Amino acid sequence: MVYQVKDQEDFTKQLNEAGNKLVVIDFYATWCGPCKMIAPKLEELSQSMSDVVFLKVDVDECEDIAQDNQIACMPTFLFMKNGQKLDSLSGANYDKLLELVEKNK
């Protein structure tokens, strides 16, 4: 299940609730084609991988969060663990996403 972050406070809570699990964050916009293309794949992955936390941030709803993470090319996937940045992926390359998940959990 890919949880939709409501705001900065909610974002912090989710990163805390993750504990020591890898967190994958999808920064997306509803007007972005590639974002909508990869969203179902992220949902499917999140249903199987109970040991990775999957989040999504709508940049139009959470502009403050988008600005904090230097987002530019969408979708952007940020990889975090224990509240700390590990990696980042620009674009909807599912194979690269899997390689980064494999590396980082």
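Each residue number is its position in the shown sequence, starting from 1.
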{"query": "Comparing 93-101 with 9-17, the one whose average Cα B-factor in the PDB entry is higher", "finding": "9-17"}
{"query": "Entry-level comparison of average CA B-factors, 80-88 and 18-26, reporting the higher stretch", "finding": "80-88"}
{"query": "Residue selected from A72, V53, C32, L45 by maximal Cα B factor", "finding": "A72"}
{"query": "Chain-relative CA temperature factor third for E63", "finding": "middle"}
